[PDB]
Amino acid sequence: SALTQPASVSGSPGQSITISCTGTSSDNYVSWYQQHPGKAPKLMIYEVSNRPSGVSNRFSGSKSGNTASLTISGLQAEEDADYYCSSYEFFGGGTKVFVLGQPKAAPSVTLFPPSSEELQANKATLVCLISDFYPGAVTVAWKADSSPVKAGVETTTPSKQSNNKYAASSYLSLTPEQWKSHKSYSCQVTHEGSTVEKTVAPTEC
Amino acid sequence: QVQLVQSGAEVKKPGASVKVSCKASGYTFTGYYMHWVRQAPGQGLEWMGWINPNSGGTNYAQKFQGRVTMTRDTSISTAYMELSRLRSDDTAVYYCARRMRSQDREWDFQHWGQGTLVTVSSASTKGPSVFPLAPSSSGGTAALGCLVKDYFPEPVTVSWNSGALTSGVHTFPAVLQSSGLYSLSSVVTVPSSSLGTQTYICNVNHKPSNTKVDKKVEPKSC
Amino acid sequence: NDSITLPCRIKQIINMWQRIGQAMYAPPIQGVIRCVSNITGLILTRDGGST
Ligand SMILES: *[C@@H]1O[C@H](CO)[C@@H](O[C@@H]2O[C@H](CO)[C@@H](O[C@@H]3O[C@H](CO)[C@@H](O)[C@H](O)[C@@H]3O)[C@H](O)[C@H]2NC(C)=O)[C@H](O)[C@H]1NC(C)=O
């Protein structure tokens, strides 16, 4: 992972976008790959600027010093994919290119407590459901009750819904002795910088 | 018309071995090296090593030095990738790549295979422990669901009221755990004025375990 | 003076220069064979990896 790539780069339909690939040291020839989810990578740019057949002329590459850059003009709806820069045997961490607006909507979060029948057994699971958000970029954080917890948390990568929006679902495994201890908890769903929080309390009636 | 065809999906035990096929077509098999790159689910590409079909000489990466054995069969034009002593992180899609016809050098993977998926078990067939998600008191229109907890393997079909209730049903994809079991949750948004006179049941079906369960979602006390 | 011994195996049906289709049979060399050579070069190869 000697080649540093940005984790996320955003863009709007029509305008141009740029993916920078900064590799430590490395003094000549660089390559670029595009991998859609579920498919194999595809060579888009080889030897800094040369382009194979028959990838569109909208993709172009450049390099200056220890920084190579991939430029994509005229973004479409099929262009968004994972992008990797290659140098000899090494690969970058990957860059996910987004081509979303976004049309307005923050994530509608619904949080559920462990069932009473689940507490009859020696288990306790929290169900934090995240619905119709856009774009698909959500970081979920759990507090106990305000101290952040990252132990036993299973977060879902956003999946596309039927209305072309995204959905997620985070879980936090607990024990009945841990469940009836603290007074409250949190599933802070951070989307587009804004955090949508839903309160949960083990004060069951 | 360079064609690269790999083997099917594999499921192996930790410490066992798996051999991945890669049959080439449309060119001279003994004139180009064959690379192997894997990718963990949700991660980046990782080069493992190239093999020269001519003499058979390979070049395994230092990370897999002593675990992977790459062989080839010139008669059928098929390269092989065998990984011994599988660890938990070896679950990945394994591709076989080939250099470009042009530029007289390697490291420009133009042609790729469809990939072979290896899984780490770990988990065995286990029935789901479904738990209800009671609604709270939108007004109005409450939200209730069910928690399909600890099951293996995929998939499970979740319907509401045995198909009579379809809107607004939203069954979320499952999440993978360290024990190998899966867990998801389906939620339906229904009017709260119907709570007390309407019935809402989630139909969880786990065919690999032959377990059909239906959970009732009563409005919680008070 | 504490020299290194290298086990060697001998064939008679050889396939040199990638020749797929033609194999040569070396007739048996009668007697005992001894040759002394000067090793003057090597052909090495790195292993690479994420080191
Ligand atoms: C590298 O160079 C050396 C030295 O030039 C080669 O050694 C040569 O080996 C042959 C085969 O044994 C010798 O021929 C022999 O002659 C005697 C007569 O004295 C005969 O009894 C044997 O049956 C054989 O025909 C040859 O004399 C010897 N070179 C010299 C200068 O004496 C060696 O073969 C070369 N190649 C390699 C791969 O090392």
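What counts and what doesn't
- Residues numbered from 1 in each chain as written, not as in the entry; some residues may be left out.
- Chains lettered and ligands numbered in written order.
- Part of a larger assembly, values for the part shown.
- Heavy atoms only, no water.
- Helix = DSSP H or I, 4+ residues; strand = E, 2+ residues; numbered from the N terminus.
- Rg over C-alpha atoms; globule rule 2.2 N^0.38 Å.
- Contact = heavy atoms within 4.5 Å.
- Buried area = accessible area lost by both parts, 1.4 Å probe.
- Salt bridge = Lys/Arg side-chain N within 4 Å of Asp/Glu carboxyl O.
- Polar contact = N/O pair within 3.5 Å; in protein donor to acceptor, adjacent residues only side chain to side chain.
- Disulfide = S-S within 2.5 Å.
- Buried < 20%, exposed > 50% of the residue type's maximum accessible area, 1.4 Å probe, protein only.
- Patch = residues over 30% accessible without salt bridge, like charges linked within 9 Å, V, L, I, M, F, W, Y side chains within 5 Å.
- Areas by Shrake-Rupley, 256 points an atom, 1.4 Å probe, with all protein chains shown as cover.
- Core = buried A, V, L, I, M, F, W, Y, C linked by side-chain atoms within 4.5 Å.
- Pairing = 2+ DSSP bridges.

- For this deposited structure, the header cites X-ray crystallography as the method used and 3.82 Å as the resolution.

- Per the PDB entry, the recorded name for chain C is BG505-SOSIP.v4.1-GT1.2gp120, and the organism is Human immunodeficiency virus 1.
- For this entry, the PDB record gives the title as "Crystal structure of BG505 SOSIP.v4.1-GT1.2 trimer in complex with gl-PGV20 and PGT124 Fabs".

- As recorded in the PDB entry, chain A goes by the name germline PGV20 light chain, listed as coming from Homo sapiens.

**So, the overall build of chain C**
Then step 1. A count of helices and strands for chain C gives zero helices and two strands.
Then step 2. Its C-alpha atoms give chain C a radius of gyration of 17 Å, clearly above 10 Å, the size a compact globule of 51 residues would have.
Then step 3. With respect to the three principal axes, the spread of C-alpha positions in chain C is 50 × 45 × 20 Å.

**Brief notes about the interface of chain B and chain A**
Then step 1. Taken together, the contacts link 41 residues of chain B with 37 residues of chain A.
Then step 2. Summing both partners gives a buried area of about 3300 Å² for chain B against chain A, and 63% of it is carried by carbon and sulfur.
Then step 3. When residues of chain B are sorted by the area they lose upon contact with chain A, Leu-45, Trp-107 and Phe-172 of chain B head the list and together hold 17% of the total.
Then step 4. Remark: the boundary between chain B and chain A carries one salt bridge.
Then step 5. Close ionic contact of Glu-117 of chain A with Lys-215 of chain B constitutes a salt bridge, the shortest N to O distance being 2.5 Å.
Then step 6. The interface formed by chain B and chain A contains ten residue pairs in polar contact.
Then step 7. Those elements that place two or more of their residues in the side of chain B that touches chain A are strand 12 (129-133), strand 13 (141-151), strand 16 (175-176) and strand 17 (182-191) of chain B.
Then step 8. The element best represented in the side of chain B that touches chain A is strand 13 of chain B, accounting for six residues.

**A look at the state of the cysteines**
All names here are of chain A.
Then step 1. A complete count under the given rule lists four disulfides over all chains for this structure.
Then step 2. Paired through a disulfide, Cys-21 and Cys-85 show a sulfur-sulfur distance of 2.0 Å. Across the S-S bond linking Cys-21 and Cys-85, the dihedral sits near 70°, which makes this disulfide right-handed. As far as burial versus exposure is concerned, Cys-21 and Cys-85 are alike and both buried.
Then step 3. Sulfur-sulfur distance for the disulfide between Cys-128 and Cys-187 comes to 2.0 Å. Disulfide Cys-128-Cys-187: the torsion about the S-S bond is -90°, which places it as left-handed. Pair noted here: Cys-128 is in strand 12 (residues 124-133) and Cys-187 is in strand 18 (residues 185-191), with a separation of 59 residues, a long-range link. Across the pair, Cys-187 and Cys-128 agree in class, each one buried.

**Overview of a nonpolar patch on the surface**
All names here are of chain C.
Then step 1. A cluster of nonpolar side chains, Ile-39, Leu-42 and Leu-44, forms an exposed patch at the surface whose accessible area comes to about 420 Å².
Then step 2. Looking at the element boundaries, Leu-44 is found in the segment after strand 2 (24-25).
Then step 3. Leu-44 sits in the exposed class, given a relative accessible area of 72%.

**What about the environment of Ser-184 of chain A?**
All names here are of chain A.
Then step 1. Relative to the assigned elements, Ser-184 resides in the loop between helix 2 (176-179) and strand 18.
Then step 2. For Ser-184, a relative accessible area of 23% gives the class partly exposed.
Then step 3. For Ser-184 and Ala-144, which are 40 residues apart along the polypeptide, the C-alpha to C-alpha distance reads 7.0 Å.
Then step 4. In this structure, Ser-184 is in contact with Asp-145, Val-200, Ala-201 and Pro-202, ignoring residues within four places of it in sequence.

**As for the nonpolar core**
Then step 1. Within the largest apolar cluster, 45 residues are counted, with the highest numbers of intra-cluster contacts made by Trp-32, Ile-72, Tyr-83, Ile-130, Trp-142, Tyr-185 and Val-189 of chain A.
Then step 2. When residues no more than four places from it in sequence are discounted, the contact partners of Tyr-185 of chain A are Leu-126, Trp-142, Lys-143, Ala-144, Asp-145, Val-149, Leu-172, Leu-174, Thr-199 and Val-200 of chain A.
Then step 3. With 39 residues, the next largest nonpolar core counts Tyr-33 and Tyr-46 of chain A together with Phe-29 and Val-68 of chain B among its residues.

**Re the sheet that holds strand 7 (residues 67-72) of chain A**
Then step 1. Pairing is antiparallel across the open sheet formed by four strands, whose spatial order is 1-3-7-6 (chain A). The two strands at the open ends of the sheet, each matched to only one other strand, are strand 1 (3-4) and strand 6 (59-64) of chain A.

**Thoughts on the side chain of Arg-38 of chain B**
Residue and element names in this part refer to chain B.
Then step 1. Within the secondary structure, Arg-38 is located in strand 4 (residues 34-39).
Then step 2. Given the relative accessible area of 6%, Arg-38 is considered buried.
Then step 3. At a separation of 3.2 Å, a polar atom in the side chain of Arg-38 contacts the side chain of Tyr-94.
Then step 4. What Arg-38 contacts, discounting residues up to four positions off in sequence, is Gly-44, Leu-45, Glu-46, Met-48, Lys-63, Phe-64, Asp-89, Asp-90, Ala-92, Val-93 and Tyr-94.

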